[PDB]
Amino acid sequence: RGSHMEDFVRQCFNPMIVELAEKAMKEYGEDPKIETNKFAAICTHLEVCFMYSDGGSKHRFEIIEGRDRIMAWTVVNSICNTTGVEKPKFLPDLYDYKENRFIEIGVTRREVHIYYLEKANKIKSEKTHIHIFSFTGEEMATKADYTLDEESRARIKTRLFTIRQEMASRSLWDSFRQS
DNA sequence: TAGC
Ligand SMILES: [Mg+2]
Ligand SMILES: [Mg+2]
(Lines give C-alpha, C1' and ligand atoms only; values in the text may rest on other atoms or scores of the structure.)
(Ligands and ions follow the chains in the order given, each with its own letter.)
Protein backbone atom coordinates (compact mmCIF):
# COMPACT_ATOMS: atom_id res chain seq x y z
CA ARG A 1 0.00 0.00 0.00
CA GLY A 2 1.55 3.29 -1.17
CA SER A 3 1.80 6.17 1.31
CA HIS A 4 2.30 9.89 0.81
CA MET A 5 5.15 9.89 3.34
CA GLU A 6 7.11 7.30 1.39
CA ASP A 7 6.85 9.28 -1.86
CA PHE A 8 7.72 12.49 0.03
CA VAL A 9 10.91 10.94 1.45
CA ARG A 10 12.02 9.72 -1.97
CA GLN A 11 11.76 13.16 -3.57
CA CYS A 12 13.11 15.11 -0.57
CA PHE A 13 16.38 13.25 0.13
CA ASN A 14 19.08 12.44 -2.35
CA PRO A 15 19.19 8.87 -3.76
CA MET A 16 22.37 7.92 -1.90
CA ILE A 17 20.75 8.76 1.45
CA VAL A 18 17.54 6.94 0.52
CA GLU A 19 19.48 3.85 -0.53
CA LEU A 20 21.45 3.84 2.74
CA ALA A 21 18.26 4.33 4.76
CA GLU A 22 16.58 1.37 3.02
CA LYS A 23 19.63 -0.82 3.57
CA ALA A 24 19.63 0.05 7.28
CA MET A 25 15.93 -0.76 7.69
CA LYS A 26 16.18 -4.08 5.86
CA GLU A 27 19.25 -5.10 7.90
CA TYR A 28 16.97 -4.99 10.97
CA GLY A 29 14.02 -6.59 9.15
CA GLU A 30 12.02 -3.40 8.58
CA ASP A 31 10.03 -2.18 5.57
CA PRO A 32 10.34 1.45 4.40
CA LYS A 33 6.90 1.13 2.79
CA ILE A 34 5.28 0.21 6.11
CA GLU A 35 7.26 2.14 8.73
CA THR A 36 7.32 5.35 6.75
CA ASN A 37 7.94 7.66 9.72
CA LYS A 38 11.02 5.63 10.70
CA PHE A 39 12.13 5.82 7.05
CA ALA A 40 11.89 9.61 7.22
CA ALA A 41 13.72 9.81 10.56
CA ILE A 42 16.55 7.59 9.29
CA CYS A 43 17.05 9.67 6.14
CA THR A 44 17.04 12.83 8.26
CA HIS A 45 19.59 11.41 10.70
CA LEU A 46 21.81 10.30 7.82
CA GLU A 47 21.73 13.71 6.15
CA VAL A 48 22.54 15.51 9.40
CA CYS A 49 25.46 13.18 10.16
CA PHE A 50 26.91 13.74 6.67
CA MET A 51 26.37 17.51 6.86
CA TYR A 52 28.04 17.50 10.26
CA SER A 53 31.06 15.61 8.98
CA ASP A 54 31.41 18.17 6.16
CA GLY A 55 31.76 20.96 8.73
CA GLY A 56 35.23 19.92 9.87
CA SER A 57 38.69 20.42 8.47
CA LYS A 58 39.58 17.76 5.91
CA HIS A 59 40.71 14.83 8.10
CA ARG A 60 38.80 15.76 11.23
CA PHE A 61 36.11 13.05 11.34
CA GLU A 62 35.81 9.32 10.80
CA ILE A 63 32.30 8.66 9.51
CA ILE A 64 30.75 5.66 11.31
CA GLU A 65 27.07 6.20 10.44
CA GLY A 66 26.06 4.90 7.01
CA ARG A 67 28.45 1.94 7.06
CA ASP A 68 27.37 -1.67 7.19
CA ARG A 69 27.02 -2.73 10.83
CA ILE A 70 29.97 -5.14 10.82
CA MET A 71 32.29 -2.67 9.09
CA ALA A 72 31.14 0.10 11.40
CA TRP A 73 32.28 -1.89 14.45
CA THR A 74 35.56 -2.84 12.74
CA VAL A 75 36.36 0.84 12.29
CA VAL A 76 35.32 1.65 15.87
CA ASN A 77 37.66 -1.10 17.07
CA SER A 78 40.51 0.27 14.93
CA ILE A 79 39.97 3.71 16.50
CA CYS A 80 39.82 2.33 20.04
CA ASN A 81 42.86 0.11 19.56
CA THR A 82 44.94 2.88 18.02
CA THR A 83 43.83 5.75 20.31
CA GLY A 84 43.12 3.85 23.53
CA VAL A 85 39.69 5.49 23.83
CA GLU A 86 37.14 3.22 25.53
CA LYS A 87 35.04 1.10 23.17
CA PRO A 88 31.49 2.55 23.09
CA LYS A 89 28.61 0.28 24.03
CA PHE A 90 26.42 1.39 21.10
CA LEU A 91 27.56 2.37 17.60
CA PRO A 92 28.25 6.14 17.55
CA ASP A 93 27.95 8.31 14.44
CA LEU A 94 31.37 9.98 14.04
CA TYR A 95 34.80 9.98 15.59
CA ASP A 96 36.46 13.36 16.18
CA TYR A 97 40.22 13.02 15.61
CA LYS A 98 40.79 16.59 16.75
CA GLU A 99 39.02 16.28 20.12
CA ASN A 100 39.61 12.49 20.27
CA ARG A 101 36.06 11.47 21.12
CA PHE A 102 33.17 9.61 19.53
CA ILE A 103 30.07 11.69 18.71
CA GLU A 104 26.45 10.55 18.96
CA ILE A 105 24.20 12.80 16.89
CA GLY A 106 20.47 12.95 17.49
CA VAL A 107 17.55 14.71 15.83
CA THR A 108 14.37 15.21 17.89
CA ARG A 109 10.86 16.63 17.55
CA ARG A 110 10.60 17.19 21.36
CA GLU A 111 12.48 19.61 23.63
CA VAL A 112 16.18 18.91 23.06
CA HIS A 113 16.95 18.10 26.68
CA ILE A 114 14.41 15.27 26.81
CA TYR A 115 16.15 13.38 24.02
CA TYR A 116 19.57 14.48 25.32
CA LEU A 117 18.88 13.02 28.76
CA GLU A 118 17.44 9.82 27.28
CA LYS A 119 20.58 9.24 25.20
CA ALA A 120 22.78 10.51 28.03
CA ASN A 121 21.22 7.82 30.24
CA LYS A 122 21.54 5.01 27.72
CA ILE A 123 25.23 5.98 27.74
CA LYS A 124 27.33 3.82 30.01
CA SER A 125 29.95 5.24 27.62
CA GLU A 126 30.60 8.35 29.72
CA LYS A 127 33.17 9.71 27.23
CA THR A 128 31.01 9.73 24.07
CA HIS A 129 30.01 13.27 23.08
CA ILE A 130 26.29 13.88 22.47
CA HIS A 131 25.03 16.57 20.08
CA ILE A 132 21.24 16.91 19.67
CA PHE A 133 19.43 19.04 17.07
CA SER A 134 15.70 19.81 17.03
CA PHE A 135 13.30 20.79 14.23
CA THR A 136 12.90 24.21 15.86
CA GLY A 137 16.49 25.38 15.55
CA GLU A 138 17.67 24.42 19.04
CA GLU A 139 20.71 22.31 19.85
CA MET A 140 22.22 20.80 22.97
CA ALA A 141 25.67 19.28 23.34
CA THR A 142 27.81 17.68 26.02
CA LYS A 143 29.62 20.25 28.20
CA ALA A 144 28.18 23.00 25.96
CA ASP A 145 30.94 22.14 23.49
CA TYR A 146 29.30 22.27 20.07
CA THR A 147 32.36 20.91 18.15
CA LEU A 148 31.76 22.81 14.88
CA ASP A 149 31.80 26.50 14.07
CA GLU A 150 28.47 28.29 14.22
CA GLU A 151 27.93 28.48 10.43
CA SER A 152 28.16 24.69 10.04
CA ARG A 153 25.56 24.08 12.74
CA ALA A 154 23.31 26.87 11.39
CA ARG A 155 23.20 25.11 7.99
CA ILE A 156 21.93 21.98 9.70
CA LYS A 157 19.24 23.84 11.64
CA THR A 158 18.07 25.53 8.46
CA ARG A 159 17.79 22.23 6.58
CA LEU A 160 15.85 20.60 9.42
CA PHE A 161 13.36 23.46 9.54
CA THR A 162 12.99 23.16 5.77
CA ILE A 163 12.15 19.44 6.12
CA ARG A 164 9.58 20.35 8.77
CA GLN A 165 7.89 22.91 6.50
CA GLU A 166 7.83 20.53 3.54
CA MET A 167 6.08 17.91 5.67
CA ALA A 168 3.66 20.45 7.16
CA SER A 169 2.85 21.66 3.64
CA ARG A 170 1.83 18.06 2.83
CA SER A 171 -0.09 17.52 6.13
CA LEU A 172 2.53 14.93 7.08
CA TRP A 173 4.09 16.82 9.98
CA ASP A 174 1.49 15.99 12.64
CA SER A 175 1.78 12.22 12.17
CA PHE A 176 5.58 12.54 11.93
CA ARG A 177 5.88 14.67 15.09
CA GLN A 178 3.43 12.38 16.92
CA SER A 179 5.25 9.18 15.86
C1' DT B 1 15.83 6.34 14.59
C1' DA B 2 13.67 8.19 18.26
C1' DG B 3 8.95 8.71 20.57
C1' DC B 4 6.50 6.33 23.94
MG1 LIG C 1 23.67 6.70 15.16
MG1 LIG D 1 22.82 9.15 16.40
Side-chain angles (χ1 to χ4, degrees), chain A residues 3-18 20-54 61-68 70-73 75-76 88 90-95 102-116 118-121 125 128-142 146-147 153 156-168 170-177 179:
Chain A
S3 68
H4 194 352
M5 179 61 90
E6 183 190 354
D7 290 339
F8 163 71
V9 170
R10 291 190 190 278
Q11 61 94 61
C12 180
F13 295 95
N14 70 58
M16 184 251 307
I17 292 183
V18 172
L20 288 172
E22 298 183 315
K23 228 196 167 199
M25 291 187 70
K26 300 194 256 222
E27 269 187 311
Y28 299 70
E30 297 184 298
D31 193 346
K33 303 196 176 300
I34 300 288
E35 293 139 278
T36 60
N37 288 322
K38 189 189 263 218
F39 190 30
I42 295 189
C43 291
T44 298
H45 178 263
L46 278 165
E47 189 165 19
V48 170
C49 286
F50 292 160
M51 286 181 68
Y52 197 111
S53 80
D54 195 26
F61 296 111
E62 194 77 56
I63 309 183
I64 308 308
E65 172 77 7
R67 299 179 178 267
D68 282 48
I70 291 289
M71 187 56 66
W73 277 110
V75 173
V76 167
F90 301 89
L91 260 181
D93 296 313
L94 305 171
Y95 182 78
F102 288 103
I103 308 181
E104 168 57 49
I105 288 162
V107 181
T108 177
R109 301 146 250 178
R110 305 168 293 165
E111 285 197 7
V112 277
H113 53 107
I114 296 173
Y115 197 28
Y116 186 105
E118 286 180 358
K119 214 99 165 65
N121 281 338
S125 323
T128 301
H129 211 74
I130 293 157
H131 197 146
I132 306 303
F133 298 90
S134 83
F135 287 94
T136 59
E138 310 168 30
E139 64 185 327
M140 173 162 307
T142 302
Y146 288 93
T147 294
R153 286 135 52 200
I156 289 165
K157 295 173 193 174
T158 292
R159 171 65 178 144
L160 291 175
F161 205 90
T162 288
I163 293 166
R164 175 186 178 156
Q165 287 182 92
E166 288 296 301
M167 291 180 178
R170 293 159 169 77
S171 310
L172 297 164
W173 172 252
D174 284 339
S175 39
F176 185 62
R177 179 188 231 149
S179 100

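First the proteins, then the strands, lettered A, B, ... as listed; each starts at 1.
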Task: Integer-rounded Å distance: B:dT1 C1' and A:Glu65 CD - done: 9 Å
TODO: Measure the distance from CG on A:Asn37 to P on B:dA2 and round it to the nearest whole Å.
DONE: 13 Å
Open item on the list: Please enumerate all residues that pass side-chain hydrogen bond (donor to acceptor under 3.5 Å, both in side chains) together with A:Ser53, with sequence neighbours excluded.
Closed with: none
Open item on the list: When you measure from the side-chain N and O atoms of A:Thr44 to the phosphate of B:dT1, is any distance below 4.0 Å, counting only OP1 and OP2?
Closed with: no
Open item on the list: Measuring to OP1 and OP2 of B:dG3, would you say a side-chain N or O of A:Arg109 lies under 4.0 angstrom away?
Closed with: yes
Task: Atom pair distance, as rounded to whole Å: CZ in A:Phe135 and P in B:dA2 - done: 9 Å
Task: A:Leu160 CG to B:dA2 P, straight-line distance once rounded to whole Å - done: 10 Å
Open item on the list: Can you identify which nucleotide, out of B:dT1, B:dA2, B:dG3, has its nearest atom closest to the A:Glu118 side chain?
Closed with: B:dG3
Open item on the list: How many whole angstroms separate atom CZ of A:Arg177 from atom P of B:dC4?
Closed with: 10 Å
- [ ] Grab the NZ-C1' distance between A:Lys38 and B:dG3 for me, whole Å please.
- [x] 11 Å
TODO: Go through the steps to decide whether A:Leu20 and A:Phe50 satisfy the test side-chain contact (heavy atoms from CB on, under 4.5 Å), and finish with yes or no.
DONE: CA-CA 12 Å; A:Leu20 288 172; A:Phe50 292 160; 3.8 Å; yes
Task: A:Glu47: partners by side-chain hydrogen bond (donor to acceptor under 3.5 Å, both in side chains), with sequence neighbours left out - done: A:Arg159
TODO: Could you state the atom-to-atom distance from NZ of A:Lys119 to P of B:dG3 in whole Å?
DONE: 12 Å
Open item on the list: Quick check with a 6.0 Å cut-off and a 45 degree axis cone: is A:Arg109 positioned over the face of A:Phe176's six-membered ring?
Closed with: yes
Task: Spacing between A:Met25 atom CE and B:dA2 atom P, to the nearest angstrom - done: 13 Å
